[PDB]
Every structure is written in structure tokens, then in C-alpha cells.
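Peer 1: Mind looking over this structure? Questions follow.
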Amino acid sequence: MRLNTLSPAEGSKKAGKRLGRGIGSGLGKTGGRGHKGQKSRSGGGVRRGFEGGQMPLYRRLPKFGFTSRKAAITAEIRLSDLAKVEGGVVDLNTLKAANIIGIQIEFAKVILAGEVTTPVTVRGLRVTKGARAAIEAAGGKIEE
Amino acid sequence: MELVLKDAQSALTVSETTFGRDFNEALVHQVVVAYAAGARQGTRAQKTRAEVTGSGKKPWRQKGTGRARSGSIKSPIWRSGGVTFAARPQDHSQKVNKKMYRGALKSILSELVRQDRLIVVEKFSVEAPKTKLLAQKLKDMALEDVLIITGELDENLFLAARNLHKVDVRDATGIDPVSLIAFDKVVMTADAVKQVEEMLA
Amino acid sequence: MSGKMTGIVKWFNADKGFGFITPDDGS
Amino acid sequence: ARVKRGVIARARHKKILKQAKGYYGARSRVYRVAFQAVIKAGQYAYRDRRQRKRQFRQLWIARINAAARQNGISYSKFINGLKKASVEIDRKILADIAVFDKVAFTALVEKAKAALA
Amino acid sequence: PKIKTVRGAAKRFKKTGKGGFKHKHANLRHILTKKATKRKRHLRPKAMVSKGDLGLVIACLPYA
RNA sequence: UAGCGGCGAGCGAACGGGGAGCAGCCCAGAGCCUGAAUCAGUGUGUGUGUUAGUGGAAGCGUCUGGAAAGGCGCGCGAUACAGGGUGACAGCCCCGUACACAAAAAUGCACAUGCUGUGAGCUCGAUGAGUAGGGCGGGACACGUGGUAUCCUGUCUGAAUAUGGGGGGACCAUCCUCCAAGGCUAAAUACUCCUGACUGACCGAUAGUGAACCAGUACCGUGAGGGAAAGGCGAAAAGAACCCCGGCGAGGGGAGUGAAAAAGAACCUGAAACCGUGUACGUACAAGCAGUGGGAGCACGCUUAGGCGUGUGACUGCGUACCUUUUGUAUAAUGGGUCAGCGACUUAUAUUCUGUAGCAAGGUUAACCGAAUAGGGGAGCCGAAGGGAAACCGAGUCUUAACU
Ligand SMILES: [Mg+2]
Ligand SMILES: [Mg+2]
Ligand SMILES: [Mg+2]
Ligand SMILES: [Mg+2]
Ligand SMILES: [Mg+2]
Ligand SMILES: [Mg+2]
Ligand SMILES: [Mg+2]
Ligand SMILES: [Mg+2]
Ligand SMILES: [Mg+2]
Ligand SMILES: [Mg+2]
Ligand SMILES: [Mg+2]
Ligand SMILES: [Mg+2]
Ligand SMILES: [Mg+2]
Ligand SMILES: [Mg+2]
Ligand SMILES: [Mg+2]
Ligand SMILES: [Mg+2]
Ligand SMILES: [Mg+2]
Ligand SMILES: [Mg+2]
Ligand SMILES: [Mg+2]
Ligand SMILES: [Mg+2]
Ligand SMILES: [Mg+2]
Ligand SMILES: [Mg+2]
Ligand SMILES: [Mg+2]
Ligand SMILES: [Mg+2]
Ligand SMILES: [Mg+2]
Ligand SMILES: [Mg+2]
Ligand SMILES: [Mg+2]
Ligand SMILES: [Mg+2]
Ligand SMILES: [Mg+2]
Ligand SMILES: [Mg+2]
Ligand SMILES: [Mg+2]
Ligand SMILES: [Mg+2]
Ligand SMILES: [Mg+2]
Ligand SMILES: [Mg+2]
Ligand SMILES: [Mg+2]
Ligand SMILES: [Mg+2]
Ligand SMILES: [Mg+2]
Ligand SMILES: [Mg+2]
Ligand SMILES: [Mg+2]
Ligand SMILES: [Mg+2]
Ligand SMILES: [Mg+2]
Ligand SMILES: [Mg+2]
Ligand SMILES: [Mg+2]
Ligand SMILES: [Mg+2]
Ligand SMILES: [Mg+2]
Ligand SMILES: [Mg+2]
Ligand SMILES: [Mg+2]
Ligand SMILES: [Mg+2]
Ligand SMILES: [Mg+2]
């Protein structure tokens, strides 16, 4: 093992195209660009969604809906995340200390995803039905 | 994992996942390349046609004359023109993940064990800061091209090793994979082993 | 002399040419 | 880095200019003409490796037709005689015998006539 | 620099679970008394973007 | 992202979080104690720099060679094997380097202190009016007048004033928070005409500054302004005494120096185009992309004569250049006088896919700290749950009064 015995893995390094260096390279005079277009031009090309002058899809189609600011401050919690806190009690401040939901969060639900194997007191959070059954089966105590 | 010592002919218990790991060459090659790219300074530049000293005047008119069309004397097809894709000062440093860096060190330290390029002693001191004393000690150890890792800051050893190009002396924190490879033998103090094993889990 | 060549190029083209020499509009 | 390409382009031009020896004028002196002439020479050589096999067969046939008419039979009767006599001698060898050993060619003719009669 | 989202397409399309995009139908903004109720009823619900014109949306919406 | 926006092209935050750095004060005013904090200036003193500098280790023999620093032997130094020079590549030849020191004088920065000035603290007050706000017209805020808060103000106006007022994105009410219409203030931040040291997967004379050279010169232009080309004898000039032809020439032949003069100043190496001298072969009854396949003869070498090579090439079959653009070019379509040198899919940041590698329901850090490619740092980002415009529900959800 010296510096002149190392060699990388197979397929790691691929050579990369070099346009405009002869016939045999394949990428000859035009370099994958064809002939006499706008696309073959330097900097040429059309912008996103341009269909010719046809009305693009993002303007044929209507806008809909609005954006809820409250959704940004809500969060969903796995059952598998309940063990990552300490003390066996689950609050917002506990989850934020465990770096699960984030600081600006003011609302959280617990969702049947994953599974928990320990009694955990849930306090001040919404709980789904399957998470309520799984918590109460593992010994939990859902409160407010 | 047990490392026999050179001088007192004792053993030293280490982690086998650290000093008996199989050699992952592609990982080590990635890390050694990124180290040598991190050393790379990247200080160069050329001038574009924007940056060439000149004037933005057409050397001749567009038509009528028999010559080719031209718009600028700074053109990268002219003599003393610009460079077409003139370079800028760029940073060639690569990211290496932490677990990939430690996987590489655990690989090549395992390989130096399997190649018997690793020597472990209890202590490695030179009394006075003299290169004559250090060369005598390494001749008595039958060593010429060596890296010497010490778990302490020994100044007499640093000074006595500063003039010898075959010899380099590091702290256990300041070890690098390319130097663990570029040197023929590596001498580790047993304390430096304990620190390296602790850092590398 | 390529500086006397500067004259050469700079103004044996700035002589500007007179023009076509056939009164013909191919019209 | 600035790769300076004088050595490579010189040796690349001299590989062509060596192949263009004997050519008239700039075809042996000038890379632009010589390269254009070397390629055509490779084209002709590819072509005339095929045409060699035609032209010698044509020569052999004309010599057999002459020597057979010297022995009083045409080529088309003579090949048909040797096919019906199963003689699988190719017409290189028949032209060689027609030049150097006319007795054996006469014997081949009489074998072919006996194969036709 | 970062890519900028085409904000009209961001107001017109939403990414679903498997990566497809939902969108509102057209023809349901005015001129509605002459259209059959069956047509409108089949235009109220959101539809998925087809496979052909899904590439231009992804190009316009790189950030989902 | 939220938003703004012919809701187009595009513009694009903030709250909040992590960090670098952190410093607070004064007048709108009287007193009381009086010089009290601090700052400024000016002296002195001390320290630390700067502006000249000093010392600074250790090698000989032999071989080749013009010349040793090279080779082969045998030693020595090293807190100095950074670098450069020396007749070829020098740790020990020189200059230096590591390290150790050094300033009559001037000056910077710190402290300290003297002097000068400066006021400190306590009490009771006071609390910045053509101002805020408003109307009109504009501008700035990510916010294009929109439902548009807030800021500025050209114009017309115009408050209350601590029981008061401003803001919390039209607006009102409640609540919270702050006190405008007077000022000062270090740091972290930005840059480099210039100086010093060092560095480079930067260039090496058509490159790199326009400029390696008496270059912003020569030259051009009325002028502003534009703006070049051009490096190398040799280790050392030892740069050719003298002789000869020649015009008391140029230039050259000798001689001489030198390792070398096919290193002689038009000077390292000296390619190609281009132009010549010499030799071999062919060529003056013969028609065309000039070659190719065959092939006689001639000349020349080798050779066991064996016949191969090499050069030429009488004659002969076939055979209308290259590029580009084109339905399609020998095309009488474009382009190129030739050579040599340069000359065109890059770079940065985002994103997706593939491959590869690491960890794996987890993966990963950025800024920054750190002497430092380590380690720390998990702020955050992506992912493991979605549906719905949304509230919301949740392995389901939406639609719908409800779904077979
Ligand atoms: Mg192709
Ligand atoms: Mg083209
Ligand atoms: Mg076309
Ligand atoms: Mg095209
Ligand atoms: Mg362009
Ligand atoms: Mg139209
Ligand atoms: Mg967090
Ligand atoms: Mg102009
Ligand atoms: Mg120039
Ligand atoms: Mg240039
Ligand atoms: Mg790190
Ligand atoms: Mg180079
Ligand atoms: Mg020639
Ligand atoms: Mg409607
Ligand atoms: Mg000295
Ligand atoms: Mg010395
Ligand atoms: Mg030499
Ligand atoms: Mg006030
Ligand atoms: Mg106002
Ligand atoms: Mg208002
Ligand atoms: Mg106004
Ligand atoms: Mg007003
Ligand atoms: Mg206000
Ligand atoms: Mg409000
Ligand atoms: Mg104020
Ligand atoms: Mg230059
Ligand atoms: Mg040169
Ligand atoms: Mg003048
Ligand atoms: Mg003379
Ligand atoms: Mg010359
Ligand atoms: Mg030389
Ligand atoms: Mg020369
Ligand atoms: Mg020549
Ligand atoms: Mg003749
Ligand atoms: Mg003749
Ligand atoms: Mg003719
Ligand atoms: Mg032949
Ligand atoms: Mg062309
Ligand atoms: Mg045409
Ligand atoms: Mg075509
Ligand atoms: Mg046409
Ligand atoms: Mg044709
Ligand atoms: Mg013609
Ligand atoms: Mg033509
Ligand atoms: Mg044309
Ligand atoms: Mg032409
Ligand atoms: Mg990519
Ligand atoms: Mg990958
Ligand atoms: Mg369903």
C-alpha cells in the first residue's frame, strides 16, 4: 500500500465528453447539436415551459387554493419518535428539545406510524385513533 | 487484537475493528485524493477579452474591405487577445464524510499491520535536541524512512527531526492518511495508540 | 517595416476603395 | 497547464509526409495536399485489392483461351470438359501450364474432349 | 445560484405522493349556462398531469 | 418560502434560530456637595517593534571529462538538507539559512506617571410643534395602489403633549409593547496606489502586464485618444594578433583563442515552407485530380550465386480534390497561396438521473471555534404518511346528505 498502488473502483470515474475533437470521438464538428438551429447556437434554447407561442400549460390552467399559515406551524409525529425524548413525557417543549418538530411549531399530532414499546405520557397534543390505541396498549396515558 | 512491542517485547490490546479491518482501496483512494486536493492552492488567473488592455473599436469596418469580419482586437483568436475561458482563482477542496475519513484510517492502519509497517514502542525520546542523536537512535532501530507519532509534544524530538527529510514527527492528532502511506515505517508510542483508538472508537 | 505596415493596413483599407466600376443596377 | 502542441503536430504531419513520397509537387511537400492524397491512395488500395483478383482471372482466362484454340477447342468447351471430367484445376495453374508446359495442356485438352465425346 | 421557481406553475400544480402533479380543470371560470351539468361535474375535481406534459412541469418546479 | 407581478418575463423577503464581535452615553437644568470618573493634549520613564547591521557549523582521495558540484571509496555537521550562485547535479566552495544578538539618532504602539485642560456623583425636575397625523402628487420598503400597513416629502394644512402619544400589515375594540419630532459612540465588516516576507498541479517570450529589451516608447491622429515590434555567443571576451584577395572597401580564405567557431557578434538548439548544387532513373508521337493494382528495364547495396531489399518507373486496368451546405455537387456553389505558431462546449452555484463509495430508518453538517485537511459545531436540510383549497382527518382521506 503506497501512493503508486491505489486505483479507484470500477465505474467510479467516467471520462466525460469532449466535444469538437475529431471524427473518431463521435462528438465531431457539431458536438451533439445538429445543424443550423437555435438550439445549436451558443446560449440558444428556449426558456422553461415555452411551447412555441402556444399558450403553455401553466397559463392554460387556472390557479387554485390558498396557503395556510397554520399548516407551517403544525407537525406530525411518528410513534417511533416518542422514545427519543427523555422522561417518558411528551410535550411540545420536549419534542423541540429532542429536535423532532422544530421551534416555531405550535401544534402537533401523533400518527400511527411505526410502533412504540414503552409507556409514554402524552400531554397537550392531538392523537389519532390508532396511536391512541397503541399508546394505551403499551401503557401510555393520553392527557391534555 | 494484540500488537507486540519492539523493545520490551510485550503486547498491547487494541480494537480489531480498528486494526484488523479489511482494506477498502476505493475509500482510501477517495480520501487521499481529497487530501491532495485540499493542499492545492488554486491561485491563477488569465485575462478574458473583457480584461485585456485595449479599446472596444472595430479594427476595420464590417464590409467593403476584403478582410474578415472583426469586432475587437481583444478577440481570443487574435495574437495578444483574450483567453477564451480564462481562469479564476478556484477552491479545489472536496468534502469527505467523517465516517469515510475514519474508515480510511482504520483501513490503512489495518493494512500497515498486515504489512508489518507498524512499530509500537512504549517510549521514543531523544535526550538533547540533536539530529546526531536521532540518527543514531534510528540506525540502532534500523529505520530510515519513518513517521514518528508521539502522544505528547516533544520539542527536542521536533528539533532533532526537523532537518531529516526521511523522518517526520507528528502528534497523534496530526496524523494523515497520505503520510501514513508515504512513509515506509510508522512508529507509534503506545500512548499514541491509545489516543488514536479512542478518537477512532 | 510592419509599423510602416501599420500604415499599409491602417490606411490601404482606409483609402476605402472607390467603388464598383460598372454603372449597372441589376434591377 | 498550457499544453504547447508543436511537437505533436509536427510528428503528426511528418507521418503523412513520409507516406507521400514520390508524389508530384505539393503532394509530397504540403500537408494539406498530401493528406488529401494519402487518403485517396488508401481508397484506391482498398479498391484494387479487389480488382487484382479480377484482373488476373481475366488474364488467365485469355491465356487459356489462346492455348486451347491452339489445340483446337474453345475455353467454354474446355472448362465444361474439365467439369465433366471432374478436373478441379484452377485457372491460375491452367495459365501457368499453358505457358510453361504445353504438352500437359494438350493432355488436359484431350481429357476434356474425351469428356465431351 | 439557486433555481427560481416558476411561480405560476407553483400556483397551478401540486405534487402528489408518487411524484405526479394534480391540477384544476379548465373551462370552469365563466360561460357556464350553456354548458351541460355533466361536463361541469366532470370538471370540478382535480386531475393528474399527463405523462407527455409532465416534463415541462418538473422543469418549472424543481423544488416540488 | 411567504408574497409582488401585463399574477407574464421575472423580483423576492421577514419572524425566528445558529455564530463573529459586543459598550454604552450626553444636552435640552437647577441646586448640593467640588475637581471626584473618563477623555484630550503635552512632557518624562519603561517595554516592544521599525528605520543601518554582527556572528553563524561541517570533505578529502580517485575515475571520466574542457571544467566535478557527477561516479566510486572513506568521513563529518545539523535547533542550519529553505533557497541561490559557483566551468556538469555541492548539507560540508561561496552568499545565506536555524539560532544567538545589536541602535548614537528618529519614530510607531503600549503602559506608567507628571503637568494642562476636562468634569464625577446625589437630589428634585424637565422630556425635542409648523412636529406627528391628514389631503393631493411622487418615491422607498420583496410589496408595480392593490383591501396596503410602515418610511421619505414637493404642495396645502395641522394636533394632543405622561391622566398623553406611536406601533402590533385596511379598520375598530381589548391587550401587549415602546416613548418620535436633539445628538455622540469602539469592535466584528469593505478595499489595496504602496512596503516586506512567503507561496503556487500559474505563464515561460505569438504565453504572461500593452511592456522580460530605454514601452505607454516608436508610430498614427488637429485632438481626445489609439498604440506596437523586439529576449539567449561563451565558463570566461580569451570578441579573431598577423597574412592574403579586394576599393587604405564590403565580404571571405587562412592563422590563432576556445571543449567546441557547422558557438564569430546577421552569434544556444536551428524544424517546415521556399530556393539551390550534385548523383541515380525516367522524359521531346504524347492528352485529363497525377494516384493505385500489375509491371519490364536501369542503377545500387547485401548474398553462399539461391534472390531479397532500395531508388526510378516505359507500358497497362481502374480512377472527375477536400470542407461546408444541401433532395442532391467533379461541379462552372462556398472556403482556403503555402508553412510554422495560436485558435472554439469552459467555470461557479443550484437541481435531477446514472454509476461508485460510506452509514443506513436514518444520513449529513454550514457559518464558526480550533493550529487547524483532525476534532468540535446537528442551527438546519432531505427521508421514513398521506389526503384535502383549507380548517382538519390520518393509513387513510376527499367528494357528497351518503357512497354499491
Ligand atoms: Mg454520430
Ligand atoms: Mg455548420
Ligand atoms: Mg435546417
Ligand atoms: Mg436543431
Ligand atoms: Mg452568445
Ligand atoms: Mg399567437
Ligand atoms: Mg432542530
Ligand atoms: Mg462608440
Ligand atoms: Mg503585445
Ligand atoms: Mg493575452
Ligand atoms: Mg469538519
Ligand atoms: Mg508549461
Ligand atoms: Mg521534401
Ligand atoms: Mg368561479
Ligand atoms: Mg553575515
Ligand atoms: Mg557559514
Ligand atoms: Mg553544460
Ligand atoms: Mg421625546
Ligand atoms: Mg406626514
Ligand atoms: Mg395613511
Ligand atoms: Mg403621500
Ligand atoms: Mg404635513
Ligand atoms: Mg408614524
Ligand atoms: Mg393586526
Ligand atoms: Mg433619539
Ligand atoms: Mg509579450
Ligand atoms: Mg523561443
Ligand atoms: Mg504628433
Ligand atoms: Mg575584413
Ligand atoms: Mg537568422
Ligand atoms: Mg548552453
Ligand atoms: Mg544557430
Ligand atoms: Mg530545411
Ligand atoms: Mg527516350
Ligand atoms: Mg518517345
Ligand atoms: Mg497535357
Ligand atoms: Mg506492385
Ligand atoms: Mg467550406
Ligand atoms: Mg442551396
Ligand atoms: Mg441532410
Ligand atoms: Mg438547391
Ligand atoms: Mg458525381
Ligand atoms: Mg474548373
Ligand atoms: Mg468550387
Ligand atoms: Mg450561398
Ligand atoms: Mg477563393
Ligand atoms: Mg448534475
Ligand atoms: Mg451516488
Ligand atoms: Mg378511497
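Going down the list, the sequences are from chains A, B, C, D and E. Residue numbers for the first sequence follow the working numbering, beginning at 1 and rising by one. Residue numbers for the second sequence follow the working numbering, beginning at 1 and rising by one. Residue numbers for the third sequence follow the working numbering, beginning at 1 and rising by one. Residue numbers for the fourth sequence follow the working numbering, beginning at 1 and rising by one. Residue numbers for the fifth sequence follow the working numbering, beginning at 1 and rising by one. Ideal Cβ placement from N, Cα and C applies to all residues, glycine included.
Using a Cβ cut-off of 8 Å, which residues of the region 156-189 of chain B contact any Cβ in chain A, in chain order?
Peer 2: Answer in chain order: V178, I181, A182.
Peer 1: Confirm the yes/no value for this check: CB of A:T30, any heavy atom of ligand 2, distance under 8 Å.
Peer 2: True, at least one ligand heavy atom lies under 8 Å from that Cβ.
Peer 1: Closest to A:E76 by CA distance: which of A:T67, A:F64, A:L92, A:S68 is it?
Peer 2: Out of A:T67, A:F64, A:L92, A:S68, A:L92 has the C-alpha closest to the C-alpha of A:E76.
Peer 1: Closer than 7 Å by C-beta to residue 94 of chain E: which residues in its own chain qualify, once you throw out the five before and the five after it? Chain order, please.
Peer 2: Because chain E in this structure spans residues 1 to 64, residue 94 of chain E falls outside the shown range and cannot be described.
Peer 1: Can you tell me whether DSSP reads residue 147 of chain A as helix, strand or coil?
Peer 2: Only positions 1 to 144 of chain A appear in this structure, which leaves residue 147 of chain A out of reach.
Peer 1: Is there a C-beta anywhere in chain A that falls below 9 Å from the one on B:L143?
Peer 2: Answer no: the Cβ-Cβ gap between B:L143 and chain A never drops below 9 Å.
Peer 1: Comparing the C-beta of B:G38 with each C-beta of chain C, is any distance below 9 Å?
Peer 2: False, the Cβ-Cβ gap to chain C never drops below 9 Å.
Peer 1: Compile a chain-ordered list of the residues in the region 19-35 of chain B whose CB is closer than 8 Å to at least one CB of chain A.
Peer 2: Listed by position along the chain: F23, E25, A26, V28, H29, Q30, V32.
Peer 1: Could you please give the first and the last residue of the uninterrupted alpha helix (DSSP H) stretch that includes E:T37?
Peer 2: Here the alpha helix (DSSP H) through E:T37 covers 37-41.
Peer 1: For the region 79-97 of chain A and the region 33-52 of chain E, state whether three or more C-beta atom pairs, one from each stretch, are separated by less than 8 Å.
Peer 2: No: fewer than three Cβ pairs fall under 8 Å.
Peer 1: Going by the CB atoms, is the gap between B:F19 and B:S110 shorter than 9 Å?
Peer 2: Cβ atoms of B:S110 and B:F19: closer than 9 Å.
Peer 1: Taking the alpha carbon of B:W60 as the point to measure from, which residue in C:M1, C:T6, C:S2 has its own alpha carbon closest?
Peer 2: If we check each option's Cα against that of B:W60, C:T6 comes out closest.
Peer 1: Can you give the Cα-Cα distance for A:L61 and E:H25, rounded to whole angstroms?
Peer 2: Their backbone Cα atoms lie some 7 Å apart in a straight line.
Peer 1: Which residues in the same chain have their Cβ closer than 6 Å to the Cβ of A:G114, if we skip the five residues on either side of it in sequence?
Peer 2: Excluding residues within five positions, the ones whose Cβ falls inside 6 Å are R78, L79, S80.
Peer 1: Would you call the region 109-123 of chain B and the region 83-100 of chain B touching, i.e. three or more CB-CB distances under 8 Å?
Peer 2: Contact between the region 109-123 of chain B and the region 83-100 of chain B is absent, because fewer than three Cβ pairs lie under 8 Å.
Peer 1: Closer than 9 Å between beta carbons: that is the criterion. Which residues of the region 20-37 of chain E meet it against chain A?
Peer 2: Result list: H23, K24, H25, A26, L28, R29.
Peer 1: Which value, in whole angstroms, describes the spacing of the CA atoms of B:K58 and C:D15?
Peer 2: Approximately 17 Å, taken between the alpha carbons.
Peer 1: Which residues does DSSP list as the beta-bridge partners of A:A108?
Peer 2: In DSSP, A:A108 forms a bridge with A:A75.
Peer 1: Quickly, what does DSSP pair A:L125 with across the bridge? List them, please.
Peer 2: Paired residues: none, contrary to the question.
Peer 1: Since B:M188 is in the beta strand (DSSP E), which residue starts that stretch and which ends it?
Peer 2: From DSSP, the beta strand (DSSP E) with B:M188 extends over 185-189.
Peer 1: Out of curiosity, what's the CA-to-CA distance linking B:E127 and B:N163?
Peer 2: Going from the Cα of B:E127 to the Cα of B:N163 covers about 17 Å.
Peer 1: Find the residues of chain B that neighbour C:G7, judging by a C-beta separation of less than 9 Å, and give them in chain order.
Peer 2: Those within 9 Å of C:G7 in chain B number zero; the least Cβ separation is about 14 Å.
Peer 1: Can you tell me whether A:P56 is buried or exposed, with buried defined as 16 or more other CB within 10 angstroms of its CB?
Peer 2: A:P56 is buried by the Cβ-count criterion.
Peer 1: Looking at the unbroken alpha helix (DSSP H) that takes in C:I8, where does it start and where does it end?
Peer 2: From DSSP, the alpha helix (DSSP H) with C:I8 extends over 4-12.
Peer 1: With the cut-off set at 9 Å, would you say B:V146 and B:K166 are in Cβ contact?
Peer 2: Closer than 9 Å, so yes.
Peer 1: According to DSSP, is A:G53 part of a helix, a strand, or is it coil?
Peer 2: In this structure, A:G53 counts as strand in the three-state DSSP scheme.
Peer 1: At which residues does the beta strand (DSSP E) containing E:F13 begin and terminate?
Peer 2: Counting along the chain, the beta strand (DSSP E) containing E:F13 begins and ends at 13-15.
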